[PDB]
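Take a look at the structure set out below.
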Amino acid sequence: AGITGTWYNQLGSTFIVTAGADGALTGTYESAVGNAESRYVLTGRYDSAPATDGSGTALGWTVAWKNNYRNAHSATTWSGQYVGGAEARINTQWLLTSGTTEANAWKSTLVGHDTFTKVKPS
Amino acid sequence: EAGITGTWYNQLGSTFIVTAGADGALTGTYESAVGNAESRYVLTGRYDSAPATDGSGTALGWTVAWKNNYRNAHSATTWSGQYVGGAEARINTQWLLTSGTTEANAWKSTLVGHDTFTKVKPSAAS
Amino acid sequence: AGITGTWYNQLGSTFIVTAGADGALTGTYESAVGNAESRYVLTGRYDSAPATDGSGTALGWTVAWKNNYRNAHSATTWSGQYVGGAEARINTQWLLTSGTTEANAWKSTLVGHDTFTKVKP
Amino acid sequence: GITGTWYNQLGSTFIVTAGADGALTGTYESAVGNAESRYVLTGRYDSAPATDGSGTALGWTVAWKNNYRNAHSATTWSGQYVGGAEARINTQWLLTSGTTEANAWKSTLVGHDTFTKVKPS
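Next comes the structure, spelled out in structure tokens:
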């Protein structure tokens, strides 16, 4: 249980995160897809005192797709909630914005949804 | 210079003050136009510290969890966008606000919208 | 000829759609299974000449949540693609906008995703 | 208030009719006005909005196929009409292109368009 740990999305991306007592999320992200190689830094925030009514724990984080190996001139933000359960999950929506010219800004942003569990897909 | 460090104001009464670190981090505060402590929240994010040189903007994103020492909305916003430099500098974003919900209410967990931030807002002498 | 017929999400909704040869989607969306006061018009468009390269068929539709019985003063649009074959799906992301005052416009629009199947759960 | 010709911030031209029944029908085209740029739309709106100052919820779809071109994609706009002095339609949109399921993660763009009855600027 809990947010700190190693998680995988439905495509096998690897999300290694630590939830700090201060509400911080820190760790690394390794993408199964896209113009990405090896680990990237992530940082985010989570609600360190969630409701006690059965609701999930809100949270979000960012990866800018620049590391010491590659730069895709883009950033993904995941917004979602951790859900304790038989099999813990983090359910997210995300936005990926690329740097664009103004003329291309209308097509700057992809949207999708990732669900993370502590088990990796095959 | 990345052009990002400093104070920015969205179209609706919000402020944030951010530092863009040489290591690609965004760190700072997000608050109301009023600027009372109870309206202030931590943020953290990332930006591309080596943007393209073709006139494209600089990709970035950040998160605020809407809990501080005073209040807790059990929610978090992420802003994903790009900084556009020049005479009309902007940070153009789209955002996702997720609230903690039960599973039965998960369908209504996430709001979407857009924010444009600028370096100036209307201000007047007293 | 893949899309026409009955589709089911996880949440107890069902819709019936006709995919017309001119790109029209027309039908009825039932939000709750045993409830004839929960049926709403749906209307949209799809790519009537999709690729046959393994790609999905792009589509979208709208339901305004008003019928003769109920009115939520809101509308959902689903944007997605139909994936055919033996285990066909319509994979969507959606936007639900409610009418609001200007002061509340920042909180007017929910976003989410949903997957429909041909096989009644 | 919805029936008419509307323009978004990039000059695209949205020629819509709002029918008695909640129906939206019309065309969507570029500022250039050429036939190859013009596409069919259909959608829905709340035909009985609240009377508390709230906007009128609506949505529509364009599949990006016409007699001339096919992009194997569709946009849905979800939003609300705000009447009064200067009428406006404020929207969020999703553009889905056909992909494989595996690349499905890059199928959908998101943005926002605001429409007025005047050309932008």
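Chains as they are written, first to last, in the authors' numbering: chain A, 15 to 136; chain B, 14 to 139; chain C, 15 to 135; chain D, 16 to 136.
Beta carbons are placed, not taken as given, at the ideal position from N, Cα and C, and that holds for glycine.
Relative to the C-alpha of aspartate 61 of chain C, which candidate in D:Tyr22, D:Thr32 and D:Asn81 has its C-alpha closest? Along the third sequence, one-based indexing puts residue 61 of chain C at 47. Ranking the options by Cα distance to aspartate 61 of chain C, first place goes to D:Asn81.
Would you list the residues sitting across from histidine 127 of chain C in a DSSP beta bridge? Here residue 127 of chain C refers to the residue found at position 113 when the third sequence is read from its first residue. DSSP output for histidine 127 of chain C lists C:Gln107 as bridge partner(s).
Whose CA, out of D:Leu73, D:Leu109 and D:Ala119, lies closest to the CA of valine 55 of chain C? In the third sequence, counting from the first residue as 1, residue 55 of chain C sits at position 41. Of the candidates D:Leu73, D:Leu109 and D:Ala119, D:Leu73 places its Cα closest to the Cα of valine 55 of chain C.
Taking all protein chains shown into account, decide if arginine 84 of chain D is buried (16 or more other Cβ within 10 angstroms of its Cβ) or exposed. Indexing the fourth sequence from 1 puts residue 84 of chain D at position 69. Exposed.
Please name the residue, chosen from A:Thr71, A:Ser136 and A:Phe130, that lies closest to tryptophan 21 of chain A on a Cα-to-Cα basis. Residue numbering aside, residue 21 of chain A sits at position 7 when the first sequence is read from its first letter. Ranking the options by Cα distance to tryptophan 21 of chain A, first place goes to A:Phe130.
Thinking residue 7 of chain C and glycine 70 of chain C are a contact (beta carbons under 8 angstroms), I'd like their distance in whole angstroms, please. Residue coverage of chain C in this structure runs from 15 to 135, which leaves residue 7 of chain C outside it and unanswerable.
Chain B residues whose Cβ lies nearer than 9 angstroms to that of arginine 53 of chain A: The count along the first sequence starts at 1 and reaches residue 53 of chain A at position 39. For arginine 53 of chain A, none of the residues of chain B pass the 9 angstroms Cβ criterion, the least Cβ distance being about 13 angstroms.
Helix, strand or coil at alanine 72 of chain C [DSSP, three-state]: As a first step, residue 72 of chain C is located in the third sequence; it is residue number 58 there, counting from the start. Reduced to three states, the DSSP call for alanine 72 of chain C is strand.
For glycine 58 of chain D, return the contacting residues in chain C, with the cut-off set at a CB-CB distance below 7 angstroms. Counted from its first residue, the fourth sequence places residue 58 of chain D at position 43. Within 7 angstroms Cβ-Cβ: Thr57 and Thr76.
Per-residue contacts from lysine 121 of chain B into chain C (C-beta, under 7 angstroms): To locate residue 121 of chain B, count along the second sequence from 1; it is residue 108. Result: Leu124.
Quick one: grab the DSSP three-state call for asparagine 118 of chain D. The residue you call residue 118 of chain D lines up with position 103 of the fourth sequence. For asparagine 118 of chain D, the secondary structure class from DSSP, reduced to helix, strand or coil, is helix.
Between the C-alpha atoms of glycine 16 of chain B and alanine 86 of chain D, what's the straight-line distance to the nearest angstrom? One-based indexing of the second sequence puts residue 16 of chain B at position 3. One-based indexing of the fourth sequence puts residue 86 of chain D at position 71. Their Cα atoms are separated by approximately 37 angstroms.
CA nearest to the CA of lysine 134 of chain D, picked from D:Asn118, D:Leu124 and D:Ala102: Walking along the fourth sequence from the start, residue 134 of chain D turns up at place 119. For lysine 134 of chain D, the nearest C-alpha among the options comes from D:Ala102.
Alpha carbon of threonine 32 of chain C to alpha carbon of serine 45 of chain C, nearest angstrom: Position 18 of the third sequence, counted from the start, is the residue given in the question as residue 32 of chain C. Position 31 of the third sequence, counted from the start, is the residue given in the question as residue 45 of chain C. Rounded to the nearest angstrom, the two C-alpha atoms are 18 angstroms apart.
Taking the DSSP output, what are the residues bridged to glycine 94 of chain B? Mapped onto the second sequence, residue 94 of chain B falls at position 81. Its beta-bridge partners are B:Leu73 and B:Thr106.
Are the C-beta atoms of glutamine 95 of chain C and some chain A residue less than 8 angstroms apart? On the third sequence, position 81 is the one that residue 95 of chain C refers to. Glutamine 95 of chain C does not count as touching chain A.
Contact list for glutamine 24 of chain B against chain D, beta-carbon separation under 9 angstroms: Position 11 of the second sequence, counted from the start, is the residue given in the question as residue 24 of chain B. Listed along chain D, no residue sits closer than 9 angstroms to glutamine 24 of chain B by beta-carbon distance, the nearest being about 12 angstroms off.
Going by other Cβ atoms of all chains shown within 10 Å of its Cβ, with 16 needed for buried, is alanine 119 of chain D buried or exposed? To locate residue 119 of chain D, count along the fourth sequence from 1; it is residue 104. Residue environment analysis places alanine 119 of chain D among the buried positions, since at least 16 neighbouring C-beta atoms fall within 10 angstroms of its C-beta.
Return helix, strand or coil for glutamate 14 of chain B, following the three-state DSSP convention. Counting from 1 along the second sequence, the entry for residue 14 of chain B is found at position 1. Annotated three-state conformation of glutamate 14 of chain B is coil, per DSSP.
Please list, in chain order, the chain B residues whose beta carbon lies closer than 7 angstroms to that of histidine 127 of chain D. Taking the first residue of the fourth sequence as 1, we reach residue 127 of chain D at position 112. Going along chain B in sequence order, the residues near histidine 127 of chain D (Cβ under 7 angstroms) are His127.
Classification of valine 97 of chain D by the beta-carbon crowding that lies within 10 angstroms, buried from 16 upward: If you number the fourth sequence from 1, residue 97 of chain D lands on position 82. Classification for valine 97 of chain D: buried.
Please classify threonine 123 of chain C as buried or exposed, where buried requires at least 16 neighbouring CB atoms within 10 angstroms. On the third sequence, residue 123 of chain C is found 109 positions in, with the first residue counted as 1. Buried is the call here.
Environment of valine 47 of chain D [buried if 16+ CB atoms lie within 10 Å]: Within the fourth sequence, residue 47 of chain D is the residue found at index 32, counting from 1. Result: exposed.
Let me see if you follow: with CB-CB separation under 8 angstroms, is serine 69 of chain B close to chain A or not? Translated into the one-based positions of the second sequence, residue 69 of chain B becomes position 56. Answer yes: the Cβ-Cβ gap between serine 69 of chain B and chain A drops below 8 angstroms somewhere.
Could you name the residues that DSSP lists as bridge partners for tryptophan 21 of chain A? By 1-based counting over the first sequence, the position of residue 21 of chain A is 7. DSSP lists A:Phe29 as partners of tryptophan 21 of chain A.
Any C-beta of chain D sitting closer than 8 angstroms to the C-beta of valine 47 of chain A? Counting from one through the first sequence, the residue named residue 47 of chain A turns up at place 33. Answer yes: the Cβ-Cβ gap between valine 47 of chain A and chain D drops below 8 angstroms somewhere.
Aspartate 128 of chain B versus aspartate 67 of chain B - alpha carbon distance: For this step, residue 128 of chain B is matched to residue 115 along the second sequence. For this step, residue 67 of chain B is matched to residue 54 along the second sequence. Within the model, the alpha-carbon separation for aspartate 128 of chain B versus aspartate 67 of chain B is close to 25 angstroms.
In the DSSP assignment, what are the bridge partners of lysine 80 of chain B? Residue numbering aside, residue 80 of chain B sits at position 67 when the second sequence is read from its first letter. DSSP lists B:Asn85 as partners of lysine 80 of chain B.
Classify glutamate 101 of chain C as helix, strand or coil using the three-state DSSP reduction. Within the third sequence, numbered from 1, the residue matching residue 101 of chain C stands at position 87. Of the three classes helix, strand and coil, the one that applies to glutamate 101 of chain C here is coil, per DSSP.
8 angstroms Cβ cutoff met for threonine 111 of chain A and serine 93 of chain B: Taking the first residue of the first sequence as 1, we reach residue 111 of chain A at position 97. Taking the first residue of the second sequence as 1, we reach residue 93 of chain B at position 80. Yes, the pair counts as a contact, with Cβ atoms nearer than the cut-off.
On the DSSP letters alone, give me the boundaries of the beta strand (DSSP E) that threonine 57 of chain C sits inside. Here residue 57 of chain C refers to the residue found at position 43 when the third sequence is read from its first residue. According to the DSSP assignment, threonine 57 of chain C belongs to the beta strand (DSSP E) that extends over 53 to 60.
For a test of the three-state rule: what should DSSP assign to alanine 46 of chain B, helix, strand or coil? Residue mapping note: residue 46 of chain B aligns to position 33 of the second sequence, counting from 1. DSSP places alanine 46 of chain B in coil when its eight states are reduced to three.
For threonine 28 of chain B, would you say it is in contact with chain A, using Cβ-to-Cβ distances shorter than 8 angstroms as the test? For this step, residue 28 of chain B is matched to residue 15 along the second sequence. Taking a beta-carbon distance threshold of 8 angstroms, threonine 28 of chain B does not count as an interface residue toward chain A.
Nearest-angstrom beta carbon gap, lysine 132 of chain A and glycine 34 of chain A [assumed within contact, 8 angstroms]: Counted from its first residue, the first sequence places residue 34 of chain A at position 20. Counted from its first residue, the first sequence places residue 132 of chain A at position 118. Actually they do not touch by this definition, with Cβ atoms about 19 angstroms apart.
Inter-residue spacing [alpha-carbon to alpha-carbon] between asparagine 105 of chain C and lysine 121 of chain B: Residue mapping note: residue 105 of chain C aligns to position 91 of the third sequence, counting from 1. Residue mapping note: residue 121 of chain B aligns to position 108 of the second sequence, counting from 1. Rounded to whole angstroms, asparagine 105 of chain C to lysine 121 of chain B spans 18 angstroms at the Cα level.
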